[PDB]
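Below is one structure, written out as structure tokens; comments come after it.
The figures here come from the full heavy-atom set of this structure, side chains too, leaving out hydrogens, waters and symmetry mates. FYI, the numbering just counts along the sequence from 1. Note that ligands are numbered from 1 as they come in the structure, with each ligand's atoms numbered from 1 the same way.
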Amino acid sequence: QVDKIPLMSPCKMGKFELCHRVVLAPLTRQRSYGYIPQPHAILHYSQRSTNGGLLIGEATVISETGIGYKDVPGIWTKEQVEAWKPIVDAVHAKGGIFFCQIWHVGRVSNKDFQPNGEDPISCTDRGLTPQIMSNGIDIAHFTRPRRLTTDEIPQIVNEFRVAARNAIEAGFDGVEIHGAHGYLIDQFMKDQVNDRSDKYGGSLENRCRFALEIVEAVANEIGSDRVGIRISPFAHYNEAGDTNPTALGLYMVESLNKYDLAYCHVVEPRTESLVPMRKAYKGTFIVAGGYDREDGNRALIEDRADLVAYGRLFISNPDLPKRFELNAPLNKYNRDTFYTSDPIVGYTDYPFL
Ligand SMILES: Cc1cc2nc3c(=O)[nH]c(=O)nc-3n(C[C@H](O)[C@H](O)[C@H](O)COP(=O)(O)O)c2cc1C
């Protein structure tokens with residue numbers, strides 16, 4: 001038959017027994033009209049579910065103030081919680097383990113997305129400069145955010161708490177805290193953004209307090225063994241760079257050891273390495289960013305991660321695990337339909353072997 005490979009090796013993560021190490025990375029596909037999950041997602045996540053395979057759903061918005069893009073799903077209303085259920089059940093029907101990624105864009109937004117035209121919230125009052133959207137035809141503008149006050153922050157921390165609870169109500173096996181790519185949590189961590197003079201700014205310790213308070217609220221709420229967190233210390237997305245990525249990364253992983261989480265998901269830098277973080281972190285380490293079958297196997301073998309998440313390739317190959325397991329050809333992915341809004345085209349029309 002076929003020789004076993006590292007990527008197909010079983011794994012015990014948190015309270016779960018995974019059958020392989022190919023993880024579906026969190027992917028924003030903007031096909032959730034009205035911020036409500038849709039029927040087509042049922043088929044999407046179902047095509048990608050395998051027994052004991054881990055799936056991390058697209059970034060899900062925690063509150064009205066956390067919206068920065070059209071058609072991204074939310075999880076703060078009963079209507080949204082009910083819409084997720086059939087999707088969750090379809091993943092479970094094939095034996096997959098599903099984590100809901102909870103998110104808040106912070107300053108990466110515009111007043112037109114905000115309730116009452118309010119300004120976006122962030123750790124700073126500095127806004128982003130315009131960016132070109134995915135289609136290379138439209139320019140995205142951002143409103144300057146308002147700098148949250150010290151005693152207002154705990155309420156925001158609470159929003160992640162409720163979201164986490166709601167995901168559990170929807171049936172998710174757990175939640176991944178979105179602490180990467182320049183969004184609210186990352187905005188607080190990165191020194192090029194956090195210009196605060198209170199206990200949530202300045203030192204590396206204060207800048208991580210927000211994220212850590214969030215990890216604490218969520219773990220207490222749903223149990224730490226049902227909680228993961230994603231970070232990208234080295235990423236510069238949305239003008240969120242840090243002058244010492246390595247220490248920032250080491251600080252976070254070391255600080256996360258006391259929480260007994262289900263896992264730490266770190267994004268590879270696009271020198272800088274995740275090795276140190278992997279070494280300092282005592283739990284399950286998930287890595288992502290530019291992997292293929294070869295690099296995946298090598299990362300597992302060289303002890304660089306316990307799980308490897310795939311994004312783009314999982315978009316175009318519904319059966320990525322199977323293809324790696326047979327070292328079969330892979331469908332090419334079309335970035336033109338990554339963020340387009342059709343219910344089928346570029347979302348579920350990618351073929352199986
Ligand atoms: C279309 C698209 C949407 C994404 N959406 C998210 C998201 O919602 N949350 C997140 O944390 N990362 C998101 N990412 C980043 C990916 O999860 C992952 O880190 C990235 O795909 C790196 O791996 P790859 O080389 O296998 O594509 C997205 C990437 C792409 C291409």
Exercise. Strictly by modelled atom types, are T65 and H104 linked by a side-chain donor-acceptor pair under 3.5 Å?
Worked result: yes
Seminar exercise, completed: Tightest non-hydrogen contact, residues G228 and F99, listed as N-CE2, 4.1 Å
Exercise. Would you say the side-chain atoms of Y347 and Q47 include a donor-acceptor pair closer than 3.5 Å?
Worked result: no
Problem set entry | Between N238 and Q131, a side-chain donor and acceptor under 3.5 Å | yes
What does the contact table look like for ligand 1 (nitrogen or oxygen on each side, cut-off under 3.5 Å)?
from, atom 1, to, atom 2, distance (Å)
ligand 1, 5 (N), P26, O, 3.4
ligand 1, 5 (N), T28, N, 2.7
ligand 1, 8 (O), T28, N, 3.4
ligand 1, 8 (O), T28, OG1, 2.6
ligand 1, 8 (O), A59, N, 3.3
ligand 1, 9 (N), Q101, OE1, 2.9
ligand 1, 11 (O), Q101, NE2, 2.9
ligand 1, 11 (O), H178, NE2, 3.3
ligand 1, 11 (O), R230, NH1, 2.9
ligand 1, 12 (N), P26, O, 3.4
ligand 1, 12 (N), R230, NH1, 3.0
ligand 1, 14 (N), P26, O, 3.4
ligand 1, 17 (O), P26, O, 2.8
ligand 1, 17 (O), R230, NH1, 2.9
ligand 1, 19 (O), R230, NH1, 3.2
ligand 1, 19 (O), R230, NH2, 3.0
ligand 1, 25 (O), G290, N, 2.7
ligand 1, 25 (O), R312, NH2, 2.7
ligand 1, 26 (O), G311, N, 2.8
ligand 1, 27 (O), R312, N, 2.9
ligand 1, 27 (O), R312, NE, 2.8

Exercise. Within a reach of under 6.0 Å around CZ of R126, are more than 12 heavy atoms found that belong to other residues, nucleotides or ligands?
Worked result: yes
Exercise. Taking the inter-plane angle between the rings of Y69 and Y183 on a 0 to 90° scale, is it parallel (under 30°), tilted (30 to 60°) or perpendicular (over 60°)?
Worked result: perpendicular
